[PDB]
Amino acid sequence: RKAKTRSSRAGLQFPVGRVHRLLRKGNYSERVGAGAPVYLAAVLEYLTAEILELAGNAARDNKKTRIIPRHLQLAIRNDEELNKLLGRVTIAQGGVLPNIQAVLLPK
Amino acid sequence: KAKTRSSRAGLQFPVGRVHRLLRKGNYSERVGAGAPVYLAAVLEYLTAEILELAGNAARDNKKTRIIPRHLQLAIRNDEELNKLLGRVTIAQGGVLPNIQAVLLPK
Amino acid sequence: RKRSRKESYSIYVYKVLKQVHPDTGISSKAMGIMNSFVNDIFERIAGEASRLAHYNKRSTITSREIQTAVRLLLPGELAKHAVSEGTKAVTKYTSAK
Amino acid sequence: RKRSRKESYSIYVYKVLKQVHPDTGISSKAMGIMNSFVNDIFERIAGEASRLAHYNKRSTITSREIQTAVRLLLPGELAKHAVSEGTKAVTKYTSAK
Amino acid sequence: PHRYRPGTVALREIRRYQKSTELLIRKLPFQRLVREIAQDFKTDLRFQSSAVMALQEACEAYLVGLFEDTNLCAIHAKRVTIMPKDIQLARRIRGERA
Amino acid sequence: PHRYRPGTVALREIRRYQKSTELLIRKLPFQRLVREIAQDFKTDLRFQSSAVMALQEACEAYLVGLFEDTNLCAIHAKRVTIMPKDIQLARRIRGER
Amino acid sequence: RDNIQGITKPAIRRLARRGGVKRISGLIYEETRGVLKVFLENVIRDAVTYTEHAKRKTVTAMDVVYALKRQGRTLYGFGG
Amino acid sequence: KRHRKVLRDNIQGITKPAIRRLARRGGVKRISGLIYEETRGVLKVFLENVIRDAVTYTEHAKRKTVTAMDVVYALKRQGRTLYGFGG
DNA sequence: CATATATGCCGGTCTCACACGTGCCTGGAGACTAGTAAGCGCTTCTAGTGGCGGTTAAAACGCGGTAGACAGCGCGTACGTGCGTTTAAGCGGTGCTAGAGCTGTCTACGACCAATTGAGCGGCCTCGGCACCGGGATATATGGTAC
DNA sequence: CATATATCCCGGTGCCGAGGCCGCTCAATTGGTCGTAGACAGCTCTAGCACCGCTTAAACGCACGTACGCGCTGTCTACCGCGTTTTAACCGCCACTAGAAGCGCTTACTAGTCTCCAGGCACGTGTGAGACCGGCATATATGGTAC
Ligand SMILES: [Mn+2]
Ligand SMILES: [Mn+2]
Ligand SMILES: [Mn+2]
Ligand SMILES: [Mn+2]
Ligand SMILES: [Mn+2]
Ligand SMILES: [Mn+2]
Ligand SMILES: [Mn+2]
Ligand SMILES: [Mn+2]
Ligand SMILES: [Mn+2]
Ligand SMILES: [Mn+2]
Ligand SMILES: [Mn+2]
Ligand SMILES: [Mn+2]
Ligand SMILES: [Mn+2]
Ligand SMILES: [Mn+2]
Ligand SMILES: [Mn+2]
Ligand SMILES: [Mn+2]
Ligand SMILES: [Mn+2]
């Protein structure tokens, strides 16, 4: 017999089965196609990798091994497209970007 | 034999239709018997409130038929409706007459 | 010409207009606005009711979820009234079983 | 005893982390943020897909509804890449049946 | 000759347009703009007449709102005259601009 | 002995707090205020500590955000000092009223 | 020559007056043109995305209504 | 069968310094003396609005303990989505 | 004061959209069955509450003085008015047919089922990352002074 | 130029949270069943589009000049920086138990099905609300000029 996980067959790290269950148990439609949770799990995996890439770079610039919420904030707020996606979201313990208005600088 | 659950609850608003729309809208697996009556009643309440004030706006305007402007006038002059409909545009609604003081002549 | 059938709340908006203001009517555009309004509040309350049920691992949207929805959605006085009109109509509807 | 089974995307977030930054770790709070992020974008995409199906009188959310949802919700370059990554996973899954 | 002092007609026009609900953009220029902007996303498109009207209702409503907030930003700066920098601050605070 | 000119330490403080993520309101005051306010909504409520940390994270992020918009309103007025009327204008344009 | 210029200095005045503007700097009209274009761009983009999804070649009022909803500009009176 | 100490004037625990620090992280260099009371006003309205919704989720759950999740759903309701506390 | 003109109003005149009566047709509402969601008992035990005292960092206060807020001036021109001229929007029109969108036939697909099995979880243990500390290297802002 | 005071960046130290091993076990995988959603193609005919040529109204551009934006200046005091003194946060520990969270029983509730029956629809009307509007009446802005 088999059992190899739909994740394997789609070539994804994100769990297709779980995603299909959450769609079905989430009251979004009567029916959920077989491709839907594959496609979804792939988008969530792409966005994760994208932010983990920038955030790891922030951790390393910051001479640290470990991504902390500040590294996720630096990553998101310094990327134009992520910043817009998370425009109305608050990262606990993220702080803000260093930004002083020009007119407040001494002459 | 056979009468509306709208008349059993004393509502003008359709309890049967609302039950169907609830079931058909993928809000949940199942829908309680009370839910559509309660909801249809809340929709009737809010419809009466708007139409009451908008009706008044129609008289204050010497008109027998409510147009969109009457509804805009009615919603934006009521604190609580204005808040409920804070992010809604009423087509052909216009705005409330309102000039900033400093703009009026000396 | 084979008709083609599209529902609205217009009948019910007239029934209520006649209660609150028996000698006044309404333009079709104004009826469009009242139709947009009813569908909008429907979606808002149902939506909230939907989330209330999910957060509490419950399969059923009861009048209780509708009520809590109305408490989150409507401002103070509109909410108390709505809660009254809602509780009343459910009481009256069970008593006529 | 033996606390309740609380699901989490953490296992997957660590896997993608090790692919992209093999020597980089992540703190509890950072994992909390990644969990919220995946739950948030799930709901937003699921939500738009749901709406799309309903607007077109369809009973089924397919990869086509996900792909329109992704285009309405993601900014420019992010959507292009997400769509291409998603279409790839469907094609690969469709032929692995 | 006869001349109303500068500002007096401006006020009449405010009173006049705040009193009415008619669209203030000419329908055909607007419509050609809608069709143009849309070509740049999908070619060979027809529009329902009501779809152009919905878009014009939504745009005029948005611009009138924005002009209100702009007017406040001008007045905040001790002015009676809206400038681009008033529109910009309104848009920045609304979250439209970064 | 030695004395920084007005605005030099303010600049230093902006650089300090913009670098850090630590909550800037003291924890106990903030909790007492949460307990007070909630009690007036309902007596005999307990709080998960993490529900208080969530409320304090949300409140401080709201106020930092508002203070940025408030600052822009001062600078638009050719001022460098934030005043109540800068908060009011920011809050009005934001639609908080 | 372009269609955006179809949104005239006078039509922009009228809109400013409805929003209670007494005096209008000359730089405003191009500034409004650019803002209006971004607004129509964002809205029509989503409207057309809905049209493509229904496999239609006609933008419906409902596509514009759904698009306005998504963007936090809910419009009553067109089939909401 | 005991007592709860009664809570009074706790808005004043949002002191001048704490507000100044928040304004610093927001890039504010100079602060009018009237800003501190105005800020307390705005904070209180914010806490009230969010706690109102949180407690309503709590009452709905038939609980006497307000959870992080009640706070997180409330913040989500208000367009103030918060990551790091569940959901 | 008087004079100009914008705006409001009346009463009449018309027109077309509203709101009415008439099917008709579907989408519901009275049974009725049958299975599960959830209410409501009882137990477990987590984590929320309140209390105390050593320490000390944060808050508060008052002082002194500077730099920013604010008001008053005065200059220059960008605007608002109104006019005469040009342009194209709107309109009522008569086609002309893309395509919205409905019906009717037929797979392919997705739900449901209910045994089978490894993915993912809760524990549990444990070092290596990092928080915190103090030393010595700059970097800047401000003050003393020579020219 | 000189000097004072913040902040950097360095290892060094020690703590405890991330992250990896385990073994248990549900939720996901298989693979077979069956009902229907939706794909496809034909057909209809709604409504979107387009070329036309009047007829105004609205846009245009121009030229006049005023009230407003704007930069300068001078006044004064509110707000910053800092020293000293006060206060209550924090920490680390108690001790106590409310109520959150979980389980098992148990049954009204609800969905799923047929049948029927009338509620809500598209249609077709004809008629009164309101749009227009001519010309009249009222309200208000603007200036003249002589106190
Ligand atoms: Mn074509
Ligand atoms: Mn109290
Ligand atoms: Mn007189
Ligand atoms: Mn009349
Ligand atoms: Mn159960
Ligand atoms: Mn003292
Ligand atoms: Mn002064
Ligand atoms: Mn100048
Ligand atoms: Mn054809
Ligand atoms: Mn684990
Ligand atoms: Mn290890
Ligand atoms: Mn140190
Ligand atoms: Mn080091
Ligand atoms: Mn079908
Ligand atoms: Mn107990
Ligand atoms: Mn007239
Ligand atoms: Mn005068």
Side-chain angles (χ1 to χ4, degrees), chain A residues 1-6 15 17-18 20-21 24 30-34 64-66 106, chain B residues 1-5 14 16-17 20 23 29-33 63-65, chain C residues 1-7 11 14 25-28 58-60, chain D residues 1-8 11 14 25-28 58-60, chain E residues 1-10 12 26-29 46-49 79-81, chain F residues 1-10 12 26-29 46-49 79-81, chain G residues 8-11 23-26 56-58 60, chain H residues 2 5 15-17 30-33 63-65:
Chain A
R1 315 180 44 71
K2 28 171 163 106
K4 63 180 93 195
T5 76
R6 18 258 230 77
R18 187 170 288 191
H20 188 234
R21 171 197 101 209
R24 275 192 289 92
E30 270 179 35
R31 290 157 85 264
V32 174
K64 303 291 178 65
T65 292
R66 304 212 205 96
Chain B
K1 233 192 293 130
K3 39 222 305 316
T4 71
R5 43 180 105 43
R17 198 118 117 178
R20 171 202 108 201
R23 279 197 269 89
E29 254 199 52
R30 9 182 63 197
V31 176
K63 298 269 216 286
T64 62
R65 251 151 40 191
Chain C
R1 166 204 126 157
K2 274 46 143 273
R3 292 185 179 182
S4 76
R5 193 177 163 275
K6 21 106 162 71
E7 291 173 358
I11 293 301
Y14 265 121
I26 176 165
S27 68
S28 67
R58 278 183 84 272
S59 333
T60 336
Chain D
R1 66 266 179 253
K2 304 187 168 182
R3 291 173 187 174
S4 79
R5 212 138 262 199
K6 288 185 201 169
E7 280 179 355
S8 168
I11 286 293
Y14 255 114
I26 186 174
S27 63
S28 267
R58 261 66 205 182
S59 350
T60 332
Chain E
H2 183 250
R3 176 158 282 177
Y4 282 115
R5 294 187 66 182
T8 300
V9 189
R12 281 216 300 278
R26 288 300 145 242
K27 292 206 181 190
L28 226 83
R46 214 162 267 237
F47 284 85
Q48 294 188 338
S49 85
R79 290 192 267 98
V80 146
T81 310
Chain F
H2 182 272
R3 175 156 274 268
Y4 284 111
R5 293 174 60 171
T8 286
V9 196
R12 198 143 77 210
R26 292 271 247 181
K27 299 288 213 292
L28 249 43
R46 291 182 221 291
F47 285 77
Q48 295 183 340
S49 55
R79 297 186 270 100
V80 140
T81 304
Chain G
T8 68
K9 170 231 185 63
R23 215 174 171 268
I24 309 160
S25 144
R56 275 192 276 102
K57 288 194 177 177
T58 313
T60 62
Chain H
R2 205 113 192 78
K5 184 48 181 262
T15 66
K16 172 161 167 192
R30 202 165 188 274
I31 305 181
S32 152
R63 279 188 278 95
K64 296 198 64 166
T65 315

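Both backbone and side-chain heavy atoms feed into the values below; hydrogens, waters and symmetry mates do not. Each chain gets a letter, A, B and so on, in the order the sequences are listed, and its residues count up from 1.
In this structure I:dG53 sits in a base pair with J:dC91, meeting the Watson-Crick or G-U test at under 3.5 Å. For I:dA146, there is no paired base (Watson-Crick or G-U wobble, both distances below 3.5 Å).
Residues passing the side-chain contact (heavy atoms from CB on, under 4.5 Å) test with E:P6, sequence neighbours excluded: none. Partners of G:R56 according to the side-chain hydrogen bond (donor to acceptor under 3.5 Å, both in side chains) rule, which considers only residues two or more places apart in sequence or in another chain, are G:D63.
Each of C:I26 and E:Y4 lies near DNA chain I, and the nucleotide nearest C:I26 is the one positioned closer to the 5' end. Nearer to the 5' terminus of DNA chain J, by closest-nucleotide assignment, is the contact made by A:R21 (compared with the other of H:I31 and A:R21). Projected onto DNA chain J by closest heavy-atom contact, B:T4 and A:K2 fall at different nucleotides, the more 5' of which corresponds to A:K2. Nearest-nucleotide positions on DNA chain I place C:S4 closer to the 5' end than the other of A:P106 and C:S4.
Under a 3.5 Å cut-off, the side chain of D:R58 and the backbone N or O of D:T60 do not form any donor-acceptor pair.
Note on A:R6: a side-chain N or O is less than 4.0 Å away from OP1 or OP2 of J:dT29. Of the side-chain N and O atoms in C:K6, one or more sit less than 4.0 angstrom from OP1 or OP2 of J:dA122. Proximity of D:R5 to the phosphate of J:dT25: no side-chain N or O atom is located under 4.0 Å from OP1 or OP2. Residue A:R1 places no side-chain N or O under 4.0 Å from the OP1 or OP2 atom of I:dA115.
Atom pair F:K27:NZ and J:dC90:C1' shows a separation of 10 Å (rounding to whole Å applied). Remark: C1' of I:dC83 and NE2 of E:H2 are 15 Å apart, rounded to the nearest angstrom. Atom NZ of A:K4 and atom P of I:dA119 are 13 Å apart (whole Å). In this structure, CZ of A:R24 is placed 12 Å from P of I:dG110, rounded to the nearest angstrom. Atom CD1 of C:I11 is separated from atom P of J:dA118 by 18 Å (rounded to the nearest Å). Between H:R2 atom CZ and J:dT97 atom P there is a gap of 11 Å when expressed in whole angstrom units. Note: CG (F:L28) to P (I:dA59) measures 13 Å, nearest angstrom. As rounded to whole Å, 10 Å separates atom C1' of J:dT140 from atom CZ of E:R12.
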Exercise. Take D:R5 and D:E7 through the salt bridge (charged side-chain N to carboxylate O under 4.0 Å, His left out) test and state the conclusion after the steps.
Key: CA-CA 6 Å; D:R5 212 138 262 199; D:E7 280 179 355; over 6 Å; no
Quiz item: Could you go step by step and tell me if C:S59 and B:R30 meet the side-chain contact (heavy atoms from CB on, under 4.5 Å) rule?
Solution: CA-CA 6 Å; C:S59 333; B:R30 9 182 63 197; 4.0 Å; yes
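Residue-level contact check: F:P29 touches the backbone only, with heavy atoms under 4.0 Å from sugar-phosphate atoms and none from bases. D:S8 comes within 4.0 angstrom of sugar-phosphate atoms only, judged by non-hydrogen atoms across all strands, and of no base.
Nucleotide I:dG104 carries a south sugar; the sign of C1'-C2'-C3'-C4' is negative. A negative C1'-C2'-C3'-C4' torsion places the sugar of I:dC109 in the south, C2'-endo-side range.
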Pairs under 3.5 Å (N/O, protein and nucleotides 59-68 of chain J):
| residue | atom | partner | partner atom | Å |
| --- | --- | --- | --- | --- |
| J:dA59 | OP1 | G:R14 | NH2 | 2.8 |
| J:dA59 | OP2 | G:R14 | NH1 | 2.9 |
| J:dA67 | OP1 | E:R5 | NE | 2.9 |
| J:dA67 | OP1 | E:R5 | NH2 | 2.7 |

Identify each atom pair where a protein N or O and an N or O of nucleotides 126-132 of chain J are less than 3.5 Å apart, giving names and distance.
| residue | atom | partner | partner atom | Å |
| --- | --- | --- | --- | --- |
| J:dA129 | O4' | B:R65 | NH1 | 3.3 |
| J:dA129 | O3' | B:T64 | OG1 | 3.0 |
| J:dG130 | OP1 | B:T64 | N | 2.9 |
| J:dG130 | OP1 | B:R65 | N | 2.7 |
| J:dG130 | OP2 | B:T64 | N | 3.3 |
| J:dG130 | OP2 | B:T64 | OG1 | 3.4 |

I'd like a list of close polar pairs between nucleotides 37-40 of chain I and the protein, N/O only, cut-off under 3.5 Å.
| residue | atom | partner | partner atom | Å |
| --- | --- | --- | --- | --- |
| I:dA37 | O3' | C:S59 | OG | 3.4 |
| I:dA37 | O3' | C:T60 | OG1 | 3.0 |
| I:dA38 | OP1 | C:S59 | N | 3.0 |
| I:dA38 | OP1 | C:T60 | N | 2.9 |
| I:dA38 | OP1 | C:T60 | OG1 | 2.3 |
| I:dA38 | OP2 | C:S59 | N | 3.2 |
| I:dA38 | OP2 | C:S59 | OG | 3.0 |

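Counted within 6.0 Å of CZ on E:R5, heavy atoms from surrounding residues, nucleotides or ligands total 12 or fewer; the atom is thus considered open.
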Self-check item: Annotated protein contacts, base or backbone, on nucleotides 45-54 of chain I with a non-hydrogen cut-off under 4.0 Å, one of B, S, - each
Solution: S--SS-S---
